[PDB]
Amino acid sequence: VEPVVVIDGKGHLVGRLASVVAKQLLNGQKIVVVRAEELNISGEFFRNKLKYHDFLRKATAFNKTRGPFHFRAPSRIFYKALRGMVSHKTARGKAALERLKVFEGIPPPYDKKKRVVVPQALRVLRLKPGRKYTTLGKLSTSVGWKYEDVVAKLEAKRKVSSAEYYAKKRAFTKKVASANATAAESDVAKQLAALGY
Amino acid sequence: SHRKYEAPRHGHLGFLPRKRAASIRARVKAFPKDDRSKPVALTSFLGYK
Amino acid sequence: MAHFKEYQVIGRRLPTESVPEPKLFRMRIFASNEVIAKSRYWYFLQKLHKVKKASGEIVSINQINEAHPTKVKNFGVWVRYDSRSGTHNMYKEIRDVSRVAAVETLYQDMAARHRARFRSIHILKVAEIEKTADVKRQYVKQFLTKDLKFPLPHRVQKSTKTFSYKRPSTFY
Amino acid sequence: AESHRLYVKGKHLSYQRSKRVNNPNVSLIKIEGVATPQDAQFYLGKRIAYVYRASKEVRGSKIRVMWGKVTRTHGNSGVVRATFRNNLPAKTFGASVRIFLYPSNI
Amino acid sequence: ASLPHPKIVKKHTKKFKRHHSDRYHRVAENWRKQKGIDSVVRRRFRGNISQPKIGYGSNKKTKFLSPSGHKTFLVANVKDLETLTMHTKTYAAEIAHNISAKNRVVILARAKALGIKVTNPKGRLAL
RNA sequence: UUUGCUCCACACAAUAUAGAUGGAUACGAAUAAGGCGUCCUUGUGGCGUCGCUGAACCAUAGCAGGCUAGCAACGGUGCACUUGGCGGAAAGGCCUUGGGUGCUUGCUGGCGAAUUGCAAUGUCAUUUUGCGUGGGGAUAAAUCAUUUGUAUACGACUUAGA
RNA sequence: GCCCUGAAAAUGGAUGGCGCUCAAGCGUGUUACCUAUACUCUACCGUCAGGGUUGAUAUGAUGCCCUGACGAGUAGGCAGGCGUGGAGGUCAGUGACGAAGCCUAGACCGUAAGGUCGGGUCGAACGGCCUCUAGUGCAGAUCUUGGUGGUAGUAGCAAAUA
RNA sequence: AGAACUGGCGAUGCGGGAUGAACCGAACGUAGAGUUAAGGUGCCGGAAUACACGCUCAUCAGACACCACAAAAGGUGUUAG
RNA sequence: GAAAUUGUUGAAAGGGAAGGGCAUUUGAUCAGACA
Ligand SMILES: [Mg+2]
Ligand SMILES: [Mg+2]
Ligand SMILES: [Mg+2]
Ligand SMILES: [Mg+2]
Ligand SMILES: [Mg+2]
Ligand SMILES: [Mg+2]
Ligand SMILES: [Mg+2]
Ligand SMILES: [Mg+2]
Ligand SMILES: [Mg+2]
Ligand SMILES: [Mg+2]
Ligand SMILES: [Mg+2]
Ligand SMILES: [Mg+2]
Ligand SMILES: [Mg+2]
Ligand SMILES: [Mg+2]
Ligand SMILES: [Mg+2]
Ligand SMILES: [Mg+2]
Ligand SMILES: [Mg+2]
Ligand SMILES: [Mg+2]
Ligand SMILES: [Mg+2]
Ligand SMILES: [Mg+2]
Ligand SMILES: [Mg+2]
Ligand SMILES: [Mg+2]
Ligand SMILES: [Mg+2]
Ligand SMILES: [Mg+2]
Ligand SMILES: [Mg+2]
Ligand SMILES: [Mg+2]
Ligand SMILES: [Mg+2]
Ligand SMILES: [Mg+2]
Ligand SMILES: [Mg+2]
Ligand SMILES: [Mg+2]
Ligand SMILES: [Mg+2]
Ligand SMILES: [Mg+2]
Ligand SMILES: [Mg+2]
Ligand SMILES: [Mg+2]
Ligand SMILES: [Mg+2]
Ligand SMILES: [Mg+2]
Ligand SMILES: [Mg+2]
Ligand SMILES: [Mg+2]
Ligand SMILES: [Mg+2]
Ligand SMILES: [Mg+2]
Ligand SMILES: [Mg+2]
Ligand SMILES: [Mg+2]
Ligand SMILES: [Mg+2]
Ligand SMILES: [Mg+2]
Ligand SMILES: [Mg+2]
Ligand SMILES: [Mg+2]
Ligand SMILES: [Mg+2]
Ligand SMILES: [Mg+2]
Ligand SMILES: [Mg+2]
Ligand SMILES: [Mg+2]
Ligand SMILES: [Mg+2]
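Residues numbered from 1 in each chain as written, not as in the entry; some residues may be left out. Chains lettered and ligands numbered in written order. Part of a larger assembly, values for the part shown. Heavy atoms only, no water.

As recorded in the entry header, the structure was determined using X-ray crystallography to a resolution of 2.8010 Å.

Here's what the structure looks like:
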């Protein structure tokens, strides 16, 4: 529908976000995902911490360097949920994956580009009220991720600039509405009402 | 089958690999925490043994 | 077993010279179709009478429709069923708009709570509870209070495209 | 104008297949804006071109086309099956595809 | 100018090569049937080479026709060639491999006179 | 080592392409709650309004978009300039001034289109490289061999030499 | 009923994996949808069966023509065919104006055994058809004889003072 | 380890049970179109992140026949009786 | 003057083997048939 879709991970549930992201790439839609630190997983923090430690013990006994690799960053926990939903040892699969990008925070390009959401993976739409859940960033710091603070700091900075932007814009569309209303009631506008506009 | 007698392993797995270093000048992997209330100063120094 | 119709079924043991005009017995039966219905009939007659289908005959089979299908009714429901380790009688109450609707949710309920498949259940009686206050089970009494109202918090709308440009709102 | 398009955008998804055998003879097509089999019934019969480029000029052009037709709908979400003059190359799973408005019945 | 014929359909143009004739030089491609007790090929497990069988046989109607729709007839000399005088819509002469160049130009001339097609006219051609 | 390198420009030739074909259209936060307008005692404030999907918004007419005239506006927008400022998370992009110039389908005119023959993607994008031309610009090093021994099985390392 | 305790083993690790919590879990119900060498219709191959057809003056009576059904296969049986050395017959067959042989991700016929051609190389002989005959068809047998590889520029070429 | 009756594997590919001689479906000439079986339809992966009523929250939840195990006993967790 | 095996030349592919099946893209190559 658009050349590149930018997804605001915040408030999405990992494997449901993954399931849709994977399909899209396979079908040829480039996807970039931001604020993976604000991803969720159902299940209380402790549960998913225990799960993560299960993962953590699997290693190649003769050489741990060849063994399963354990990435600690929310973006990359995420990639993992994703990568495992893609026939990723096939050309067709590598190709789909090159179509993907994932970030903690919203770094340049994407901070001035619109981001969407994916309602069929929106936690607030899916999880029954009262069911505990985990935030990706908090899970990740506990298994080694080093950059929650730095991301938080940048994000607060970015969030201030974006508040300005918004404000300016909302000021501007107020003017624009003031304009659109002198033109209301005019002849060309009554005609357009007639045609559903 | 199970050792027989127990004894500590030989040597420390946290100093692997036992390869030659990438340089004669060992790297400083960490500097003292910063306390910006004190005057500005170096935090290390070169010399020859 | 499905979406139920209710049937009157009438049978009798076959006539004989010395006994022409045998007695004629009736059952109401909840089934998805008349084939299952005549089957169920023979199933219960044999738990009650010296008969079986080879020596009996179906006299009539007719669907009974609800008298007042758009009138809300409080049903009393009486069931026999088997569990994994014994067999048990039960009384339940179901609020709906037809016996037929009511019996569907019963099997559903029996399957969900007690894990009883259809084979394991005998409906003993389904009867409309005429006076509120002969209503016994509180999960229904609840819906009889005067001027009753309730909101439906946390509204969740079905998206029709995979992407959305807003950020939904569960207001309602 | 800026738009000169007379076709609907589409996508080569897959060959027809079971869990572990595919069938290069029938392709599965996703059509933009088509979400149901009832919608997709409109496009049955419409003709379909996968358009691509090549390094070596031929009868004038450096652009070649494989032609096909939509043939039936496929499943419940608007996906469609199509056949082509020659089966589609399979590097094209995920490639864009053009669905035309002819043969027209409006 | 061959007799009209229904479209020629070949059913299996790919050559049936012996199993493992791609794996060891000692095994020629010439079709040979597996008789082993365990062989995947003989047992026809999904994924191996198929085997020649009578289903593949061609339409009695177009069998033996070449693309031109003529059956080929091998020919050593003008007399052989002339056995096709009344069948130029049906058979085509192939000049045999061991015919000399000077005898080919005679055979070819007479074919032209009789309207008989020749499948390999350029052979040994004094060009 | 036979005139080489680099940035900008155009030119011919190639080579390609995981797949342009109107627009990736920027708060944040909450969801048992919020957006927007408005007033005010500026607050966990009053009052109004909206949702129930982007089925939107923006754009969109002209030989794939030709050649031309005028009117009403003084608006819009393309381009190359120029003024002030911002953005380091991967800023490599955003904003602002001012003159110039093109287009304007805001409205009203003149001319052109056929024969591509009843369809044939009917060719309009963006990759990397190669060769000459001429506007700027810039004028090294590494390796062998030799040498040190803080190094070394051999390579490697580490020194030294106009 | 579901869940929880009761519930201890050795390389790291398996509801197939990812992951999933008003499920993508458990029980039950209702539609739709995906797809087997199976089922339905059709073409073509072959097998078996049942019919028709000696009437010359043209060419297969083991023929031609219509029709129906059927097709898995080790051990094994039978059948119709492909190929090789020699033999009787025949084609008054091929050939120094190039036989045989050999090479050839060139062509063509056959379901296949195989057959035919072109081009290159070559130098003296050879083939079709009816029939006769057998020392007549190889991937194997720790097969026989000969040739040849990877191993590999590798082990090594260091006892006896120089 | 040994019998009975049938059906299979051995001698048999094909679709399903991830995998697998024997289970489920279905038995094979070369092909087109259609429809199904058993089994499936979040993504891997063709196919509803379909509909509907309940139940379940596990600091070692559970997840489909053959089949890849769990018992006595116990819970003021929760459910219905 | 075959094959195994080898040198050079030319073309191509190559993220823990290679080779194979069905299908098509791309390159190279080629028969036939038109009149
Ligand atoms: Mg441990
Ligand atoms: Mg011990
Ligand atoms: Mg190094
Ligand atoms: Mg299988
Ligand atoms: Mg053999
Ligand atoms: Mg066997
Ligand atoms: Mg590519
Ligand atoms: Mg409000
Ligand atoms: Mg406000
Ligand atoms: Mg307020
Ligand atoms: Mg909008
Ligand atoms: Mg214009
Ligand atoms: Mg005009
Ligand atoms: Mg970036
Ligand atoms: Mg220059
Ligand atoms: Mg499990
Ligand atoms: Mg699953
Ligand atoms: Mg269920
Ligand atoms: Mg549906
Ligand atoms: Mg078939
Ligand atoms: Mg048939
Ligand atoms: Mg057979
Ligand atoms: Mg013979
Ligand atoms: Mg012979
Ligand atoms: Mg002999
Ligand atoms: Mg010769
Ligand atoms: Mg060869
Ligand atoms: Mg030929
Ligand atoms: Mg020659
Ligand atoms: Mg001689
Ligand atoms: Mg003979
Ligand atoms: Mg012998
Ligand atoms: Mg053999
Ligand atoms: Mg041999
Ligand atoms: Mg051998
Ligand atoms: Mg053998
Ligand atoms: Mg040998
Ligand atoms: Mg030897
Ligand atoms: Mg040497
Ligand atoms: Mg040596
Ligand atoms: Mg020695
Ligand atoms: Mg045996
Ligand atoms: Mg079988
Ligand atoms: Mg997978
Ligand atoms: Mg799918
Ligand atoms: Mg059981
Ligand atoms: Mg299993
Ligand atoms: Mg209990
Ligand atoms: Mg010689
Ligand atoms: Mg191949
Ligand atoms: Mg091929």
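**Student:** Please set out the nonpolar core residue by residue, giving values where relevant.
**Tutor:** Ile7, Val21 and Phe78 of chain A are the most contacted members of the largest nonpolar core, which has 32 residues in total. Contributing elements (two or more residues each) for this core: β1 (4-8), α1 (14-26), β2 (30-34), α2 (45-56), α3 (74-83), α4 (91-98), β4 (100-102) and α6 (136-142) of chain A. With eight residues, α1 of chain A is the largest single contributor of residues to this core. The contact partners of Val21 of chain A, leaving out residues within four places of it in the chain, are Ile7, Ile31, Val33, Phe78, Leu82 and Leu100 of chain A. In terms of nonpolar packing, the next biggest core, distinct from the first, is built from 17 residues, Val8, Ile48, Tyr50 and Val70 of chain D among them. (Core = buried A, V, L, I, M, F, W, Y, C linked by side-chain atoms within 4.5 Å. Buried < 20%, exposed > 50% of the residue type's maximum accessible area, 1.4 Å probe, protein only. Helix = DSSP H or I, 4+ residues; strand = E, 2+ residues; numbered from the N terminus. Contact = heavy atoms within 4.5 Å.)

**Student:** Got a sec to walk through the side chain of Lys46 of chain D? Specific residues and values, please.
**Tutor:** Looking at the element boundaries, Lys46 of chain D is found in the loop between α1 (37-40) and β3 (47-53). Excluding anything up to four places from it in sequence, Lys46 of chain D contacts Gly68, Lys69, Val70, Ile99, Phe100, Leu101, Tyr102 and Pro103 of chain D.

**Student:** Any chance you could break down the layout of surface pockets for me, citing the residues and the numbers?
**Tutor:** Computed from the structure, the largest pocket encloses a volume of approximately 1,500 Å³. Along its surface, the largest pocket is lined by 41 residues, and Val1 and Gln24 of chain A, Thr162 of chain C together with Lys30 and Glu32 of chain D are the ones closest to its centre. At the level of secondary structure, the elements contributing two or more residues to the lining of the largest pocket comprise α1 and α5 (123-126) of chain A together with β1 (7-17), β2 (22-31), β3 and β6 (96-100) of chain D. No other element matches β1 of chain D, which puts five residues into the lining of the largest pocket. Taken together, the residues that form the lining of the largest pocket break down as 18 nonpolar, 13 polar and 10 charged. What the second largest pocket holds in volume is close to 800 Å³. Residue lining of the second largest pocket: 27 residues in total, with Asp111, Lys113, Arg115, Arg158 and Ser162 of chain A positioned closest to the centre. When the residues that make up the lining of the second largest pocket are grouped by side-chain class, the tally is 10 nonpolar, three polar and 14 charged. (1 Å grid on protein atoms, 1.4 Å probe; cavity = no way out; pocket = protein on both sides within 12 Å on 5 of 7 lines; lining within 4 Å. Points joined across faces, edges and corners; volume = space filled by probe spheres on them. Nonpolar A, V, L, I, M, F, W, Y, C, P; charged D, E, K, R; others polar.)

**Student:** An account of the packing of aromatic side chains is requested, with residue identities and associated values reported.
**Tutor:** For the structure on display, the rule yields 15 aromatic pairs over all chains. Measuring from centroid to centroid gives 4.7 Å for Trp78 of chain C and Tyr91 of chain C, while their planes differ by 55°, and the two rings are tilted. Here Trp78 of chain C is found in strand β4 (residues 73-83), whereas its partner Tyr91 of chain C is found in strand β5 (residues 86-96), with 13 residues between them in sequence. Given the relative accessible area of 32%, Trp78 of chain C is considered partly exposed. Put simply, the rings of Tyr7, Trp67, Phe100 and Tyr102 of chain D pair up and form one aromatic cluster. Between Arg76 of chain A and the ring centre of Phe71 of chain A, over which it is positioned, the NZ or CZ distance is 3.6 Å. (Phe/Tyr/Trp six-rings, centres within 6.5 Å; stacked < 30°, edge-to-face > 60°. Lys NZ or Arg CZ within 6 Å of the ring centre and 35° of its normal.)

**Student:** Would you mind going over the protein's contact with RNA strand H in detail, with residue names and values included?
**Tutor:** Looking at RNA strand H, there are 49 residues lining it, with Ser19 of chain A, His114 and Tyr139 of chain C together with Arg43 and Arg44 of chain E nearest. Backbone atoms, meaning sugar and phosphate, make up 71% of the atoms of RNA strand H lying within 4 Å of the protein. Take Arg131 of chain A: an N or O atom from its side chain is 3.0 Å from a base nitrogen of RNA strand H. At a separation of 2.7 Å, a phosphate oxygen of RNA strand H approaches a polar side-chain atom of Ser77 of chain D. (Near = heavy atom within 4 Å. Polar contact = N/O pair within 3.5 Å; in protein donor to acceptor, adjacent residues only side chain to side chain.)

**Student:** Residue-level account of the pairing of β6 of chain D, with values.
**Tutor:** All names here are of chain D. Both β1 and β6 contribute to a ladder of five bridges, which runs antiparallel. Its bridge partner lying in β6, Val8 is registered against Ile99. Here two bridges tie β3 to β6, and the two strands are oriented antiparallel to one another. Note on β6: the bridge partner recorded for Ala49 is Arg98. (Pairing = 2+ DSSP bridges.)

**Student:** Give a detailed account of the pattern of salt bridges, specifying residues and quantitative values.
**Tutor:** Side chains carrying opposite charge are able to pair once their charged atoms draw close together. Tallied over the full model, the rule gives 18 salt bridges over all chains. The partner of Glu6 of chain C in a salt bridge is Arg99 of chain C, and the shortest N-O contact between them spans 3.0 Å. Placement of the pair is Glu6 of chain C in strand β1 (residues 5-13) and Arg99 of chain C in helix α2 (residues 99-113), with a sequence separation of 93 residues. By relative accessible area, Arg99 of chain C is classed as buried at 15%. A salt bridge links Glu57 of chain D to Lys62 of chain D, with the shortest nitrogen-to-oxygen separation between them at 3.4 Å. Bridged by salt links that share partners, the residues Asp8 and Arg35 of chain A together with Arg167 of chain C form one connected network. (Salt bridge = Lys/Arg side-chain N within 4 Å of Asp/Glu carboxyl O.)

**Student:** I'd like to hear about helix α3 (residues 101-114) of chain E, residue by residue, with values.
**Tutor:** Residues and elements named next belong to chain E. Look at α3: 20 Å from first C-alpha to last across 14 residues, which is about the 20 Å you get at 1.5 Å a residue. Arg104, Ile107 and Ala111 are the residues of α3 that are buried. The arc enclosing the buried residues of α3, seen along the axis, measures out at 70°, which places them on a common side. Along α3, the residues that are exposed and aim more than 90 degrees away from the buried face are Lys102, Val105, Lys112 and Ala113. Where α3 is buried, its residues contact β1 (71-75), α2 (78-81) and β2 (91-95). (Expected span 1.5 Å × (residues − 1). Arc of directions from axis to C-beta.)

**Student:** Got a sec to walk through the sheet that holds strand β4 (residues 63-73) of chain D? Specific residues and values, please.
**Tutor:** Residues and elements named next belong to chain D. Strand order in the closed barrel made by the six strands is β1-β2-β5-β4-β3-β6, with antiparallel pairing throughout. Here the strands of the sheet are splayed against their neighbours by 45° on average, with no regard to which way each runs. One ladder, built from five bridges, connects β4 with strand β5 (residues 80-84); its direction is antiparallel. Residue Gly68 lies in a different strand from β5, and its bridge partner there is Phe84. (Axes fitted to C-alpha atoms, helices over the stretch in contact; angles between N-to-C directions.)

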